[PDB]
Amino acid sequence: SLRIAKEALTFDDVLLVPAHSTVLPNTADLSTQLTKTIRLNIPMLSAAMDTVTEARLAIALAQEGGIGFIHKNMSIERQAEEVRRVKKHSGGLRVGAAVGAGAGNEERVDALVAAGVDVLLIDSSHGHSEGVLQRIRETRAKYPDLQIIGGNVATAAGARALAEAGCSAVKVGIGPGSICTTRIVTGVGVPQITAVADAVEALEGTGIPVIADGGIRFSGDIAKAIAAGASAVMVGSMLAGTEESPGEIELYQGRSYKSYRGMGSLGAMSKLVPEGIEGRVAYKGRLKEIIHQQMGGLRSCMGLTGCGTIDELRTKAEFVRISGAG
């Protein structure tokens, strides 16, 4: 008999249900606990990607109430410098930085803690790997107060493994990324709505938040990820092509573009077979207007669902399952 664990749902499979409301979109509270000690003003994390987050983007997002994650596709010294630029800014801004879950990263982590990183991201393509769990147990034992986000997982067992290893927050997402080809290359993936709810259910009562990472295309996807139980979302494509993102603006035929590629793409990699594509994204302009539009969508959802806080959206809002016709 075919070993089918369950049916799994993606963003497009569901819709949120309107409910009794005393919530006006302008009155909605978007603050969220990224960890027990770290509270963000908006539930937005920028992707730890070489075409998405460096100090400039991390500064703009922190100013909006979110948090950026400096990618690991650079030298230890460059990364420590990027973190220092964000920490020494003005309005006491928070920053995160990504590290590989393999051997020979103890030095990179040391430099990042010295530079004043608020949250270390152990950036793995498979968080349920034993090597990853051991490295986070080792980072936790060395730095007992350091806020650590571990990922990625897409199951209840994977979420429990990261929480037991010492993670302050667990990142969910195996295969949902806009630039991901893991589903086609390996045949592995878990539809994000189910992946998030499974991870959140596993971590209930622990106070360990879940980050929904990947596949957010519209502000409606943010709302769905949060009502599935995520405390925050991580976005790549949504912030790619913004003025603040790294890389130069290109001109194809009148229209402005920026590069956007998976960290598992042939380009980002230069041994594993690629699990990401290399693409051009239309220039989005200033990050501030993107955040205002996306958070506005979330605000209107909160009004329609009668959830005045991120915690209410996470625990009260209901879904309906829809067909391909829906």
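Start at 1 with the first residue shown and count on from there.
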| Count class of deposited residues lacking coordinates, residue 26 to residue 27 | none
| remark: Per the PDB entry, mean CA B-factor is higher for 129-137 or 84-92, namely for 84-92
| said: Which is higher on mean Cα B factor in this entry, 113-121 or 233-241? | reply: 113-121
| query | Whose CA atom has the top B-factor in the entry, of 272, 67, 291, 49? | reply | 272
| Highest Cα B-factor in the PDB entry belongs to which of 152, 178, 73, 219? | 73
| remark: In terms of its chain's C-alpha B-factors, the third that includes residue 192 is the lowest
| said: Quick check for you: using the entry's CA B-factors within this chain, is residue 285 in the lowest, middle or highest third? | reply: highest
| note | Here the Cα B-factor of residue 2, set against its chain, lands in the third termed middle
| said: Please place residue 166 in the lowest, middle or highest third of its chain according to the CA B-factor in the PDB entry. | reply: middle
| field | Entry-reported Cα temperature factor of residue 299, expressed as the chain third it lands in | value | lowest
